[PDB]
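Let me begin by presenting the structure, written as structure tokens, before commenting on it.
For neighbour counting, all protein chains shown are included, and Cβ atoms are generated from backbone atoms with ideal geometry for every residue, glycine included. Read-outs throughout are calculated quantities, based only on the coordinates presented, and are distinct from any laboratory measurement.
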Amino acid sequence: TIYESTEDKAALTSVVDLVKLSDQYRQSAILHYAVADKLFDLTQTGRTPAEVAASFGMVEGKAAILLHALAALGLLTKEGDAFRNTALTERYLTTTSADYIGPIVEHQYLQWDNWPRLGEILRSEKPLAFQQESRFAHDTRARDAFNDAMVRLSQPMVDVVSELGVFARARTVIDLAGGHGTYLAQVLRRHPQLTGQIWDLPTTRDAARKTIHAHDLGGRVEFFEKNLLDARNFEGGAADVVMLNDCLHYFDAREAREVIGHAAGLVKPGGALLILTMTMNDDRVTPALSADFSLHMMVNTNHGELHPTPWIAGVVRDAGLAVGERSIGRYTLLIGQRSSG
Amino acid sequence: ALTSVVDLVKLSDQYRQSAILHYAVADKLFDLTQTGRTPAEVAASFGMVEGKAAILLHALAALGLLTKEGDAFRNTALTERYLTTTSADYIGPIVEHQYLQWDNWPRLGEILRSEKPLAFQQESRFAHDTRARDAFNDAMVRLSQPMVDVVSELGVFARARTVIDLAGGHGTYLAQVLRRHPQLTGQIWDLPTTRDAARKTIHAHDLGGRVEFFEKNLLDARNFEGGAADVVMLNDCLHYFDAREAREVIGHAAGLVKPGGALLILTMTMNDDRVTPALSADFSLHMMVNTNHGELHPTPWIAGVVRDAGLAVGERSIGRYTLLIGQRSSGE
């Protein structure tokens, strides 16, 4: 599972590793291609390069080169002159599989052209035309891939959040920036006494309606269009549990402090604020994959940045809540508890 | 290689790290951080948003390219040696050649369906894009060095006088061979687009009196008439041709070998099953992306062609490569 924990150190320590790193993008592109053209749907049964080539309109000799490279990767098994999917490929890379990771792969290959534009991003105070806030209104494909990819990638933590003890005696939940809404839906399924609100932007609303109906939660969840940066949007809101899951990294530090404060203000006495965030120490370099994630988010959105976990925890304390925590692989779940008296 | 869904997602995402390195090299960031710089200093230097420069510098520290010493980021020993423009060991051209391919790889679907070269493939691009041609040549020069050393120490040269390097290109193999064996003279036979690369190598080793460059198309049998050398070389080059073509080129090459001499072929090792060694199947695809008929041919097939040409084949495996030594009989 991808959420599983990671090393403090990721340093390159040899020139070989340096050239390999500069070259490693090619393997991504190969997988991206095989997935995009749905090659592995054809190879659910054994095919020769002639048969693959005829199906796809390829040069036979070139199809053979590709199939050999895919076999060498462990994605195909060559039996005689025929190629067929391996167990891994059949399970995760066939469109008909319940475990298909197409959306994740598609979300990833759709960012290919953005990464070489690092120099422009670094030099812009404003969102650039290719970042998510500028892209998702017109690029339904990229919006849906991203939302579907997050639902899949988030599942390990969804299962942990849904078993938290703060829900057992709670009645109401607010999911801030809830988006796809998988955390709230799974929490409500498990806890029949709960009702829920999802507070997010217009772009997420169809994804929420899918999730809600998919889990049969029609009469238990309401969707609200809300701007989490606008304090007035929080007037008169209150719940036993308020969630900010895997979303603070869309905000700069000033913004993130304001969102945490507003969120905390929604928490009823005896209630809890939950913040799920990738674990990052105050040094901003440990664990190593946290620094990578911060940069990833900076490429994706103007203010993208992973804030240190101890800094987030201090903001929750500053809001007057007692902070507990839980490790979920590479993530930390912070639980801010409001005293009842 | 890939055995779990986590491996798949990682493989699909791993391109981002290439792009990060490509950028830092392209902008010469590591030339600035030869001296320790704060993110504020780096941002001021490049006209960046300070906060964003800090996110980048932290990510580069996490990759082991920079060290954060208090408030300041400085090159690590690795970076200083390989990623500063003034280092004798700078790998800039390797990284440049690699980043100039970025847009080619997502076009696999087009390449697979094309019988003809595409505009980004070497045979077209290098006619029109001098920067790309030169990055490739300088990159090959550096990447060839381990095999160049092995080839230069071979015993066939001990008692030769003349050498022909077919599709020799940058000519580094021939140059080291001549440096090691002062009695030898040589020729490089290749296309016009490699002549500048060949001259740079010839003059770098003051080999102008001992080496001649000849513009030659290796698929034209007429270009071989009159030619003769004690040693003839096809170093790391048969993967530019399809099987029919490679067979013709090996036959022409063998014909250039004088009685008692040798044909040397250096080729990445490929078994008949074409899936092992695994990195060789990858190299075959890499070559298909780079050039229309790009393809790594099985080593035993190459060896059989040399035998058909009348040469007795000796084989040696060095790292990921096989050196085939095709011996021509004396007296013929």
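Just to be sure, is B:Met147 in contact (Cβ under 8 Å) with a residue 60 or more places away in the chain, of a type in the set (A, V, I, L, M) and under 29 Å from B:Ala229 (Cα atoms)?
It is true that B:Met147 is in contact (Cβ under 8 Å) with a residue 60 or more places away in the chain, of a type in the set (A, V, I, L, M) and under 29 Å from B:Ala229 (Cα atoms).
Give me the residue from region A:247-273 that is touching a helix residue (DSSP H, G or I) at 6+ places or on another chain (Cβ under 7 Å) and closer than 15 Å to A:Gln337 by Cα and, out of that set, surrounded by the fewest Cβ atoms within 10 Å (Cβ to Cβ).
The extreme case among them is A:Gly265.
What are the residues in region A:132-155 that are over 12 Å from A:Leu110 (Cβ atoms) and within 12 Å of another protein chain (Cβ to nearest Cβ), if any?
Correct list: A:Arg152, A:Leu153, A:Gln155.
Test each condition in (1) crowded, with 23+ Cβ neighbours inside 10 Å; (2) touching an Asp or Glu at 6+ places or on another chain (Cβ under 9 Å); (3) not aliphatic (A, V, I, L, M) for A:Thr182 and report the one that comes out false.
Here A:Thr182 meets the rest and fails (2).
Can you pull out the residues in region A:12-52 that are at the interface with chain B (Cβ under 7 Å from one of its Cβ atoms) and more than 25 Å from the chain's Cα centre (by Cα)?
Across region A:12-52, the qualifying residues are A:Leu12, A:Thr13, A:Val15, A:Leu18, A:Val19, A:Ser22, A:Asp23.
Residue by residue through region B:89-131, note down the ones that are more than 15 Å from B:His22 (Cβ to Cβ), within 11 Å of another protein chain (Cβ to nearest Cβ) and of a type in the set (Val, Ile, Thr).
B:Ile111
Among the numbered conditions (1) closer than 26 Å to B:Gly51 by Cβ; (2) in a helix (DSSP H, G or I), tell me where A:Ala129 comes up short.
Just one mismatch for A:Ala129, condition (2).
Restricted to region B:255-283, and to residues that are more than 25 Å from B:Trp105 (Cβ to Cβ) and small (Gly, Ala, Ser), which residue is farthest from the other protein chains (Cβ to nearest Cβ)?
This residue is B:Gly260.
Given the conditions (1) under 22 Å from A:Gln337 (Cα atoms); (2) aliphatic (A, V, I, L, M); (3) not in a helix (DSSP H, G or I), report the number of the one that A:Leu188 does not fulfil.
Condition (3) is where A:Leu188 drops out.
Looking only at residues that are within 8 Å of another protein chain (Cβ to nearest Cβ) and more than 17 Å from B:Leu66 (Cα to Cα) in region A:284-298, which one is surrounded by the fewest Cβ atoms within 10 Å (Cβ to Cβ)?
Step by step, filter region A:284-298, then rank; the result is A:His296.
Would you please list the contacts, defined by Cβ atoms under 6 Å and residues six or more apart or on different chains, that run from a residue in region B:94-110 that is touching a residue at least 40 places away in the same chain (Cβ under 8 Å) to a residue that is part of a helix (DSSP H, G or I) and among the polar types (S, T, N, Q)?
Listed by first residue and then by second, the contacts come to B:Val95/A:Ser22; B:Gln98/A:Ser22.
Just give me the residues in region A:171-187 being more than 13 Å from A:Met243 (Cα to Cα) and more than 17 Å from the chain's Cα centre (by Cα), in sequence order.
A:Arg171
Take B:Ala221 and decide whether it is over 21 Å from B:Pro93 (Cα atoms), over 21 Å from the mean Cα position of the chain (by Cα), aliphatic (A, V, I, L, M) and surrounded by 19 or more Cβ atoms within 10 Å (Cβ to Cβ).
No.
Give me the residue from region B:187-212 that is in contact (Cβ under 8 Å) with a residue 40 or more places away in the chain and closer than 14 Å to B:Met233 by Cβ and, out of that set, surrounded by the fewest Cβ atoms within 10 Å (Cβ to Cβ).
B:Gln187
Please determine, by comparing only the residues of region A:303-317 that are touching a residue at least 40 places away in the same chain (Cβ under 8 Å) and farther than 27 Å from A:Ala11 by Cα, which one is surrounded by the fewest Cβ atoms within 10 Å (Cβ to Cβ).
Selected residue: A:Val316.
Would you check which residues across region A:235-246 are surrounded by fewer than 20 Cβ atoms within 10 Å (Cβ to Cβ) and hydrophobic (A, V, I, L, M, F, W, C) and list them?
Passing the criteria: only A:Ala238.
Those residues that are facing chain B (nearest Cβ under 8 Å) and free of Cβ contacts under 8 Å to residues at least 24 places away in the same chain, I need them from region A:67-88; list them, please. Break it down into steps so the answer makes sense when it comes.
Taking region A:67-88 and keeping what is facing chain B (nearest Cβ under 8 Å), we get A:68-69, A:71-75, A:78, A:88.
Matches in region A:67-88: A:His68, A:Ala71, A:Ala72, A:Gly74, A:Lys78, A:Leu88.
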